[PDB]
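K.L.:
Next comes the structure file target05.txt, holding compact mmCIF, N, CA and C atoms.
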# COMPACT_ATOMS: atom_id res chain seq x y z
N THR A 1 -178.28 147.28 -61.74
CA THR A 1 -176.89 147.20 -62.15
C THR A 1 -176.03 148.19 -61.37
N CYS A 2 -174.87 148.53 -61.92
CA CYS A 2 -173.94 149.47 -61.31
C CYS A 2 -173.71 150.64 -62.26
N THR A 3 -173.75 151.85 -61.72
CA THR A 3 -173.60 153.06 -62.53
C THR A 3 -172.14 153.53 -62.59
N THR A 4 -171.56 153.82 -61.43
CA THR A 4 -170.19 154.32 -61.39
C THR A 4 -169.15 153.22 -61.60
N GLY A 5 -169.53 151.96 -61.43
CA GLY A 5 -168.61 150.85 -61.61
C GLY A 5 -168.08 150.74 -63.02
N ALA A 6 -166.76 150.60 -63.15
CA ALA A 6 -166.12 150.44 -64.46
C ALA A 6 -166.34 149.01 -64.93
N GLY A 7 -167.43 148.80 -65.65
CA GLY A 7 -167.82 147.48 -66.12
C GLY A 7 -167.64 147.36 -67.62
N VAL A 8 -167.21 146.17 -68.06
CA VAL A 8 -167.05 145.90 -69.48
C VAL A 8 -168.37 145.49 -70.13
N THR A 9 -169.35 145.05 -69.32
CA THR A 9 -170.61 144.53 -69.84
C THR A 9 -171.43 145.58 -70.58
N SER A 10 -171.09 146.87 -70.45
CA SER A 10 -171.83 147.90 -71.16
C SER A 10 -171.75 147.72 -72.67
N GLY A 11 -170.66 147.13 -73.17
CA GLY A 11 -170.52 146.89 -74.59
C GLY A 11 -171.33 145.73 -75.13
N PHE A 12 -171.94 144.94 -74.25
CA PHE A 12 -172.77 143.84 -74.72
C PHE A 12 -174.03 144.35 -75.41
N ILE A 13 -174.49 145.55 -75.07
CA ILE A 13 -175.59 146.16 -75.81
C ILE A 13 -175.17 146.44 -77.25
N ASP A 14 -173.97 146.98 -77.44
CA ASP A 14 -173.46 147.21 -78.79
C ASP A 14 -173.28 145.89 -79.53
N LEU A 15 -172.81 144.86 -78.84
CA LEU A 15 -172.71 143.54 -79.46
C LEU A 15 -174.07 143.02 -79.90
N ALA A 16 -175.09 143.17 -79.05
CA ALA A 16 -176.42 142.70 -79.38
C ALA A 16 -177.04 143.48 -80.52
N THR A 17 -176.67 144.76 -80.66
CA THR A 17 -177.15 145.55 -81.78
C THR A 17 -176.69 144.93 -83.10
N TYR A 18 -177.63 144.40 -83.87
CA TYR A 18 -177.28 143.69 -85.10
C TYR A 18 -178.49 143.71 -86.02
N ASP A 19 -178.35 144.33 -87.19
CA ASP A 19 -179.46 144.47 -88.13
C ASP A 19 -179.03 143.94 -89.50
N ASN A 20 -179.86 144.16 -90.52
CA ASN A 20 -179.51 143.71 -91.87
C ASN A 20 -178.26 144.41 -92.38
N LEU A 21 -178.13 145.71 -92.10
CA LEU A 21 -176.94 146.44 -92.53
C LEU A 21 -175.68 145.88 -91.87
N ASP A 22 -175.76 145.59 -90.57
CA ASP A 22 -174.63 145.00 -89.86
C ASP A 22 -174.31 143.61 -90.40
N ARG A 23 -175.34 142.83 -90.72
CA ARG A 23 -175.11 141.51 -91.30
C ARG A 23 -174.42 141.62 -92.66
N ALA A 24 -174.83 142.60 -93.47
CA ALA A 24 -174.20 142.79 -94.77
C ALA A 24 -172.75 143.23 -94.64
N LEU A 25 -172.47 144.13 -93.69
CA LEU A 25 -171.11 144.66 -93.56
C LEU A 25 -170.18 143.68 -92.86
N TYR A 26 -170.48 143.35 -91.60
CA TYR A 26 -169.64 142.47 -90.81
C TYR A 26 -170.17 141.04 -90.89
N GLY A 27 -169.62 140.15 -90.08
CA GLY A 27 -170.09 138.78 -90.00
C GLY A 27 -169.64 137.95 -91.19
N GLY A 28 -169.90 136.65 -91.08
CA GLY A 28 -169.54 135.72 -92.14
C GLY A 28 -168.52 134.69 -91.70
N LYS A 29 -168.66 133.46 -92.20
CA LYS A 29 -167.72 132.40 -91.85
C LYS A 29 -166.32 132.71 -92.39
N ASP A 30 -166.24 133.26 -93.59
CA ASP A 30 -164.97 133.56 -94.23
C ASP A 30 -164.47 134.97 -93.94
N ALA A 31 -165.18 135.74 -93.11
CA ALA A 31 -164.77 137.10 -92.82
C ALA A 31 -163.51 137.10 -91.97
N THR A 32 -162.53 137.90 -92.39
CA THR A 32 -161.31 138.05 -91.61
C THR A 32 -161.58 138.83 -90.33
N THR A 33 -160.67 138.71 -89.38
CA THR A 33 -160.80 139.37 -88.09
C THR A 33 -159.49 140.06 -87.73
N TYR A 34 -159.61 141.13 -86.95
CA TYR A 34 -158.44 141.81 -86.40
C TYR A 34 -157.96 141.05 -85.17
N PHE A 35 -157.01 141.63 -84.45
CA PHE A 35 -156.42 141.04 -83.25
C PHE A 35 -155.69 139.74 -83.56
N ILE A 36 -155.60 139.39 -84.85
CA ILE A 36 -154.90 138.19 -85.31
C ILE A 36 -154.19 138.58 -86.60
N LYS A 37 -152.87 138.61 -86.57
CA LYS A 37 -152.07 139.01 -87.72
C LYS A 37 -151.48 137.77 -88.38
N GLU A 38 -151.75 137.61 -89.68
CA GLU A 38 -151.17 136.51 -90.43
C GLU A 38 -149.68 136.76 -90.65
N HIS A 39 -148.87 135.73 -90.42
CA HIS A 39 -147.42 135.84 -90.52
C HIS A 39 -146.93 135.01 -91.69
N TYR A 40 -146.04 135.59 -92.49
CA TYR A 40 -145.42 134.91 -93.62
C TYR A 40 -143.92 135.14 -93.59
N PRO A 41 -143.13 134.17 -94.03
CA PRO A 41 -141.68 134.33 -94.01
C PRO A 41 -141.20 135.30 -95.09
N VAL A 42 -140.01 135.84 -94.86
CA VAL A 42 -139.37 136.76 -95.79
C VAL A 42 -137.94 136.29 -96.03
N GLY A 43 -137.32 136.84 -97.07
CA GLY A 43 -135.98 136.44 -97.43
C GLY A 43 -134.95 136.86 -96.40
N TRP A 44 -133.84 136.13 -96.39
CA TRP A 44 -132.72 136.38 -95.48
C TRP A 44 -131.68 137.21 -96.22
N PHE A 45 -131.34 138.37 -95.67
CA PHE A 45 -130.48 139.32 -96.36
C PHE A 45 -129.76 140.19 -95.34
N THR A 46 -128.93 141.10 -95.84
CA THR A 46 -128.23 142.07 -95.02
C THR A 46 -127.86 143.26 -95.89
N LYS A 47 -127.49 144.36 -95.23
CA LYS A 47 -127.10 145.57 -95.94
C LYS A 47 -126.00 146.27 -95.16
N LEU A 48 -125.16 147.02 -95.88
CA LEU A 48 -124.08 147.77 -95.26
C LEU A 48 -123.61 148.85 -96.22
N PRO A 49 -123.27 150.04 -95.74
CA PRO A 49 -122.77 151.08 -96.63
C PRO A 49 -121.38 150.75 -97.15
N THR A 50 -121.10 151.23 -98.36
CA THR A 50 -119.81 151.00 -99.00
C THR A 50 -119.36 152.26 -99.72
N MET A 51 -118.08 152.57 -99.60
CA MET A 51 -117.49 153.66 -100.38
C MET A 51 -117.49 153.30 -101.86
N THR B 1 -228.17 144.44 -63.79
CA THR B 1 -228.68 143.11 -64.07
C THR B 1 -227.74 142.27 -64.93
N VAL B 2 -226.65 142.84 -65.42
CA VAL B 2 -225.71 142.13 -66.28
C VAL B 2 -224.30 142.34 -65.76
N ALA B 3 -223.44 141.35 -66.01
CA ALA B 3 -222.05 141.46 -65.60
C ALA B 3 -221.33 142.47 -66.48
N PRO B 4 -220.65 143.46 -65.90
CA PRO B 4 -219.96 144.46 -66.72
C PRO B 4 -218.81 143.84 -67.50
N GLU B 5 -218.55 144.42 -68.67
CA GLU B 5 -217.47 143.98 -69.54
C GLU B 5 -216.29 144.93 -69.40
N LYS B 6 -215.12 144.38 -69.09
CA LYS B 6 -213.91 145.16 -68.88
C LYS B 6 -212.92 144.87 -70.00
N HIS B 7 -212.41 145.93 -70.62
CA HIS B 7 -211.44 145.80 -71.69
C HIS B 7 -210.24 146.71 -71.44
N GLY B 8 -209.35 146.82 -72.42
CA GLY B 8 -208.17 147.64 -72.28
C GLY B 8 -208.49 149.11 -72.34
N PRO B 9 -207.48 149.95 -72.08
CA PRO B 9 -207.70 151.40 -72.10
C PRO B 9 -208.01 151.90 -73.50
N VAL B 10 -208.34 153.20 -73.56
CA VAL B 10 -208.65 153.83 -74.85
C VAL B 10 -207.43 153.80 -75.76
N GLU B 11 -206.26 154.13 -75.22
CA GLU B 11 -205.04 154.15 -76.02
C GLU B 11 -204.62 152.73 -76.39
N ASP B 12 -204.00 152.61 -77.56
CA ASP B 12 -203.51 151.32 -78.02
C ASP B 12 -202.36 150.82 -77.15
N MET B 13 -202.28 149.49 -77.00
CA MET B 13 -201.29 148.90 -76.12
C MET B 13 -199.88 148.99 -76.69
N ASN B 14 -199.73 148.79 -78.00
CA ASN B 14 -198.41 148.62 -78.59
C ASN B 14 -197.55 149.87 -78.42
N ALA B 15 -198.16 151.06 -78.53
CA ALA B 15 -197.39 152.30 -78.43
C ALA B 15 -196.66 152.40 -77.09
N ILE B 16 -197.25 151.87 -76.02
CA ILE B 16 -196.62 151.89 -74.71
C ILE B 16 -195.73 150.67 -74.50
N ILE B 17 -196.22 149.48 -74.86
CA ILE B 17 -195.52 148.25 -74.53
C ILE B 17 -194.25 148.10 -75.35
N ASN B 18 -194.31 148.44 -76.64
CA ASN B 18 -193.28 148.38 -77.68
C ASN B 18 -192.62 147.01 -77.75
N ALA B 19 -191.64 146.85 -78.63
CA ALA B 19 -190.97 145.57 -78.81
C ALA B 19 -189.58 145.82 -79.37
N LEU B 20 -188.56 145.51 -78.58
CA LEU B 20 -187.18 145.65 -79.00
C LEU B 20 -186.33 144.64 -78.24
N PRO B 21 -185.81 143.62 -78.91
CA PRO B 21 -185.16 142.52 -78.19
C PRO B 21 -183.69 142.78 -77.85
N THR B 22 -183.24 144.03 -77.99
CA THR B 22 -181.83 144.32 -77.76
C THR B 22 -181.40 143.96 -76.35
N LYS B 23 -182.26 144.22 -75.36
CA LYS B 23 -181.92 143.90 -73.98
C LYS B 23 -181.73 142.40 -73.79
N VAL B 24 -182.66 141.59 -74.31
CA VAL B 24 -182.56 140.15 -74.10
C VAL B 24 -181.39 139.56 -74.87
N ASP B 25 -181.11 140.07 -76.08
CA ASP B 25 -179.91 139.60 -76.78
C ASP B 25 -178.64 139.99 -76.03
N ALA B 26 -178.61 141.19 -75.44
CA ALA B 26 -177.44 141.57 -74.65
C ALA B 26 -177.26 140.64 -73.46
N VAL B 27 -178.37 140.29 -72.79
CA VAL B 27 -178.29 139.36 -71.66
C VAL B 27 -177.78 138.00 -72.11
N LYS B 28 -178.30 137.50 -73.23
CA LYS B 28 -177.88 136.19 -73.72
C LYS B 28 -176.40 136.19 -74.11
N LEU B 29 -175.95 137.25 -74.78
CA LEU B 29 -174.54 137.36 -75.14
C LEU B 29 -173.65 137.42 -73.90
N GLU B 30 -174.07 138.19 -72.89
CA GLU B 30 -173.29 138.27 -71.66
C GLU B 30 -173.21 136.91 -70.98
N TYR B 31 -174.33 136.18 -70.94
CA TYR B 31 -174.33 134.86 -70.32
C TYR B 31 -173.44 133.89 -71.08
N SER B 32 -173.50 133.93 -72.42
CA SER B 32 -172.64 133.05 -73.21
C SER B 32 -171.17 133.39 -72.99
N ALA B 33 -170.85 134.68 -72.88
CA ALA B 33 -169.47 135.08 -72.60
C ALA B 33 -169.02 134.59 -71.23
N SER B 34 -169.89 134.71 -70.23
CA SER B 34 -169.54 134.26 -68.88
C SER B 34 -169.53 132.74 -68.75
N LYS B 35 -170.11 132.02 -69.71
CA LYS B 35 -170.10 130.56 -69.65
C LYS B 35 -168.67 130.02 -69.66
N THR B 36 -167.80 130.59 -70.48
CA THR B 36 -166.41 130.16 -70.51
C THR B 36 -165.71 130.50 -69.20
N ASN B 37 -164.75 129.66 -68.83
CA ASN B 37 -164.03 129.85 -67.57
C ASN B 37 -163.16 131.10 -67.64
N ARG B 38 -163.23 131.92 -66.59
CA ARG B 38 -162.42 133.13 -66.50
C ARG B 38 -161.52 133.17 -65.28
N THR B 39 -161.68 132.25 -64.33
CA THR B 39 -160.85 132.19 -63.14
C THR B 39 -159.72 131.18 -63.34
N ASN B 40 -158.75 131.22 -62.44
CA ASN B 40 -157.60 130.33 -62.48
C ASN B 40 -157.75 129.26 -61.40
N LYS B 41 -157.62 128.00 -61.80
CA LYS B 41 -157.71 126.87 -60.89
C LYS B 41 -156.35 126.30 -60.52
N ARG B 42 -155.27 127.00 -60.86
CA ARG B 42 -153.91 126.58 -60.52
C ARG B 42 -153.17 127.74 -59.86
N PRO B 43 -153.57 128.12 -58.65
CA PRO B 43 -152.83 129.16 -57.94
C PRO B 43 -151.52 128.62 -57.40
N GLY B 44 -150.52 129.50 -57.35
CA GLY B 44 -149.20 129.06 -56.93
C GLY B 44 -148.58 128.04 -57.86
N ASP B 45 -148.76 128.22 -59.17
CA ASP B 45 -148.27 127.28 -60.17
C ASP B 45 -147.07 127.80 -60.94
N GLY B 46 -147.18 128.98 -61.55
CA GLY B 46 -146.13 129.45 -62.43
C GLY B 46 -146.09 128.62 -63.70
N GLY B 47 -147.13 128.75 -64.52
CA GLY B 47 -147.33 127.87 -65.66
C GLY B 47 -146.42 128.10 -66.85
N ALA B 48 -145.25 128.70 -66.62
CA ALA B 48 -144.27 128.89 -67.68
C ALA B 48 -143.34 127.69 -67.71
N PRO B 49 -143.37 126.86 -68.75
CA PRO B 49 -142.47 125.71 -68.80
C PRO B 49 -141.03 126.16 -68.94
N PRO B 50 -140.08 125.36 -68.47
CA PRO B 50 -138.66 125.73 -68.61
C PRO B 50 -138.27 125.86 -70.07
N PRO B 51 -137.41 126.81 -70.40
CA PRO B 51 -137.02 127.00 -71.80
C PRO B 51 -136.25 125.80 -72.33
Would it be possible to restate this file's structure as structure tokens?

P.N.:
Amino acid sequence: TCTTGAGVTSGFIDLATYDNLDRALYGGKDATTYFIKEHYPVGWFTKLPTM
Amino acid sequence: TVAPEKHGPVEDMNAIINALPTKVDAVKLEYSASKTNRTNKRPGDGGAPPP
């Protein structure tokens, strides 16, 4: 492989690391994920100071 | 007068050989990641549609 090269593949070892504890904590079909933010609408309003 | 019998060393094999599939799972995950297309087949395109 490459030592000094800035490679992203080094994290594939961490990805492959997966045990019973990791299965219990992470994973799952219904498990939510980051990098994806759910968006919901909000009310339409305004504000202004008044004497 | 007899054919000599050859076997393994005095030390047990498993302690040296060991077994940990983290490397092969890392390789498989890297290959699966690289399976998806990562290059661009439309150079000189500008794939932003007009507003």

K.L.:
Find, counting only C-alpha atoms, the residue in A:3, A:17, A:46, A:32 that gets nearest to residue 22 (chain B).

P.N.:
A:17

K.L.:
For the structure I just gave you, how does DSSP split chain A - specifically, which residues are alpha helix (DSSP H)? Reply as a VMD selection string.

P.N.:
chain A and resid 11 to 16 20 to 25

K.L.:
Taking all atoms listed in the file into account, what are the residues of chain A at most 6 Å from chain B, put as number ranges by chain?

P.N.:
A: 12-13, 16-17

K.L.:
Could you jot down the CA of residue 42 (chain A) to CA of residue 30 (chain A) separation for me, Å, one decimal place?

P.N.:
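Result for CA of residue 42 (chain A) versus CA of residue 30 (chain A): 25.8 Å, one decimal.
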
K.L.:
What does the distance from atom C of residue 37 (chain A) to CA of residue 31 (chain B) come to in Å, to one decimal?

P.N.:
29.3 Å

K.L.:
Enter the distance from atom N of residue 6 (chain A) to atom N of residue 32 (chain B), in Å, rounded to one decimal.

P.N.:
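Atom-to-atom, atom N of residue 6 (chain A) and atom N of residue 32 (chain B) are spaced 20.2 Å apart.
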
K.L.:
Output requested as a PDB file, in the coordinates of the input - region 29-50 of chain A, filled out with N, CA, C and O atoms.

P.N.:
ATOM      1  N   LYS A  29    -168.660 133.460 -92.200  1.00  0.00           N
ATOM      2  CA  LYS A  29    -167.720 132.400 -91.850  1.00  0.00           C
ATOM      3  C   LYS A  29    -166.320 132.710 -92.390  1.00  0.00           C
ATOM      4  O   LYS A  29    -165.320 132.451 -91.710  1.00  0.00           O
ATOM      5  N   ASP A  30    -166.240 133.260 -93.590  1.00  0.00           N
ATOM      6  CA  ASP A  30    -164.970 133.560 -94.230  1.00  0.00           C
ATOM      7  C   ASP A  30    -164.470 134.970 -93.940  1.00  0.00           C
ATOM      8  O   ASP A  30    -163.427 135.368 -94.467  1.00  0.00           O
ATOM      9  N   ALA A  31    -165.180 135.740 -93.110  1.00  0.00           N
ATOM     10  CA  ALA A  31    -164.770 137.100 -92.820  1.00  0.00           C
ATOM     11  C   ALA A  31    -163.510 137.100 -91.970  1.00  0.00           C
ATOM     12  O   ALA A  31    -163.414 136.396 -90.965  1.00  0.00           O
ATOM     13  N   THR A  32    -162.530 137.900 -92.390  1.00  0.00           N
ATOM     14  CA  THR A  32    -161.310 138.050 -91.610  1.00  0.00           C
ATOM     15  C   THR A  32    -161.580 138.830 -90.330  1.00  0.00           C
ATOM     16  O   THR A  32    -162.592 139.525 -90.202  1.00  0.00           O
ATOM     17  N   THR A  33    -160.670 138.710 -89.380  1.00  0.00           N
ATOM     18  CA  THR A  33    -160.800 139.370 -88.090  1.00  0.00           C
ATOM     19  C   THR A  33    -159.490 140.060 -87.730  1.00  0.00           C
ATOM     20  O   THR A  33    -158.411 139.643 -88.150  1.00  0.00           O
ATOM     21  N   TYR A  34    -159.610 141.130 -86.950  1.00  0.00           N
ATOM     22  CA  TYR A  34    -158.440 141.810 -86.400  1.00  0.00           C
ATOM     23  C   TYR A  34    -157.960 141.050 -85.170  1.00  0.00           C
ATOM     24  O   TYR A  34    -158.415 139.936 -84.882  1.00  0.00           O
ATOM     25  N   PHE A  35    -157.010 141.630 -84.450  1.00  0.00           N
ATOM     26  CA  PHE A  35    -156.420 141.040 -83.250  1.00  0.00           C
ATOM     27  C   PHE A  35    -155.690 139.740 -83.560  1.00  0.00           C
ATOM     28  O   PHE A  35    -155.210 139.052 -82.655  1.00  0.00           O
ATOM     29  N   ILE A  36    -155.600 139.390 -84.850  1.00  0.00           N
ATOM     30  CA  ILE A  36    -154.900 138.190 -85.310  1.00  0.00           C
ATOM     31  C   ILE A  36    -154.190 138.580 -86.600  1.00  0.00           C
ATOM     32  O   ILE A  36    -154.848 138.847 -87.612  1.00  0.00           O
ATOM     33  N   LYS A  37    -152.870 138.610 -86.570  1.00  0.00           N
ATOM     34  CA  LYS A  37    -152.070 139.010 -87.720  1.00  0.00           C
ATOM     35  C   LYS A  37    -151.480 137.770 -88.380  1.00  0.00           C
ATOM     36  O   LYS A  37    -150.808 136.968 -87.730  1.00  0.00           O
ATOM     37  N   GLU A  38    -151.750 137.610 -89.680  1.00  0.00           N
ATOM     38  CA  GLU A  38    -151.170 136.510 -90.430  1.00  0.00           C
ATOM     39  C   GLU A  38    -149.680 136.760 -90.650  1.00  0.00           C
ATOM     40  O   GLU A  38    -149.279 137.866 -91.017  1.00  0.00           O
ATOM     41  N   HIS A  39    -148.870 135.730 -90.420  1.00  0.00           N
ATOM     42  CA  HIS A  39    -147.420 135.840 -90.520  1.00  0.00           C
ATOM     43  C   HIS A  39    -146.930 135.010 -91.690  1.00  0.00           C
ATOM     44  O   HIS A  39    -147.341 133.855 -91.865  1.00  0.00           O
ATOM     45  N   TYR A  40    -146.040 135.590 -92.490  1.00  0.00           N
ATOM     46  CA  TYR A  40    -145.420 134.910 -93.620  1.00  0.00           C
ATOM     47  C   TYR A  40    -143.920 135.140 -93.590  1.00  0.00           C
ATOM     48  O   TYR A  40    -143.458 136.210 -93.170  1.00  0.00           O
ATOM     49  N   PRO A  41    -143.130 134.170 -94.030  1.00  0.00           N
ATOM     50  CA  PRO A  41    -141.680 134.330 -94.010  1.00  0.00           C
ATOM     51  C   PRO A  41    -141.200 135.300 -95.090  1.00  0.00           C
ATOM     52  O   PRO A  41    -141.884 135.553 -96.082  1.00  0.00           O
ATOM     53  N   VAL A  42    -140.010 135.840 -94.860  1.00  0.00           N
ATOM     54  CA  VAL A  42    -139.370 136.760 -95.790  1.00  0.00           C
ATOM     55  C   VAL A  42    -137.940 136.290 -96.030  1.00  0.00           C
ATOM     56  O   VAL A  42    -137.402 135.456 -95.299  1.00  0.00           O
ATOM     57  N   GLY A  43    -137.320 136.840 -97.070  1.00  0.00           N
ATOM     58  CA  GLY A  43    -135.980 136.440 -97.430  1.00  0.00           C
ATOM     59  C   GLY A  43    -134.950 136.860 -96.400  1.00  0.00           C
ATOM     60  O   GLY A  43    -135.125 137.809 -95.633  1.00  0.00           O
ATOM     61  N   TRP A  44    -133.840 136.130 -96.390  1.00  0.00           N
ATOM     62  CA  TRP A  44    -132.720 136.380 -95.480  1.00  0.00           C
ATOM     63  C   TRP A  44    -131.680 137.210 -96.220  1.00  0.00           C
ATOM     64  O   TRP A  44    -131.195 136.798 -97.280  1.00  0.00           O
ATOM     65  N   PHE A  45    -131.340 138.370 -95.670  1.00  0.00           N
ATOM     66  CA  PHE A  45    -130.480 139.320 -96.360  1.00  0.00           C
ATOM     67  C   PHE A  45    -129.760 140.190 -95.340  1.00  0.00           C
ATOM     68  O   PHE A  45    -129.952 140.053 -94.125  1.00  0.00           O
ATOM     69  N   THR A  46    -128.930 141.100 -95.840  1.00  0.00           N
ATOM     70  CA  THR A  46    -128.230 142.070 -95.020  1.00  0.00           C
ATOM     71  C   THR A  46    -127.860 143.260 -95.890  1.00  0.00           C
ATOM     72  O   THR A  46    -127.903 143.191 -97.118  1.00  0.00           O
ATOM     73  N   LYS A  47    -127.490 144.360 -95.230  1.00  0.00           N
ATOM     74  CA  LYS A  47    -127.100 145.570 -95.940  1.00  0.00           C
ATOM     75  C   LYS A  47    -126.000 146.270 -95.160  1.00  0.00           C
ATOM     76  O   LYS A  47    -125.907 146.140 -93.933  1.00  0.00           O
ATOM     77  N   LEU A  48    -125.160 147.020 -95.880  1.00  0.00           N
ATOM     78  CA  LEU A  48    -124.080 147.770 -95.260  1.00  0.00           C
ATOM     79  C   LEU A  48    -123.610 148.850 -96.220  1.00  0.00           C
ATOM     80  O   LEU A  48    -123.570 148.599 -97.434  1.00  0.00           O
ATOM     81  N   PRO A  49    -123.270 150.040 -95.740  1.00  0.00           N
ATOM     82  CA  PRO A  49    -122.770 151.080 -96.630  1.00  0.00           C
ATOM     83  C   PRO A  49    -121.380 150.750 -97.150  1.00  0.00           C
ATOM     84  O   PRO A  49    -120.590 150.084 -96.484  1.00  0.00           O
ATOM     85  N   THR A  50    -121.100 151.230 -98.360  1.00  0.00           N
ATOM     86  CA  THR A  50    -119.810 151.000 -99.000  1.00  0.00           C
ATOM     87  C   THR A  50    -119.360 152.260 -99.720  1.00  0.00           C
ATOM     88  O   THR A  50    -120.168 152.932-100.370  1.00  0.00           O
TER      89      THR A  50
END
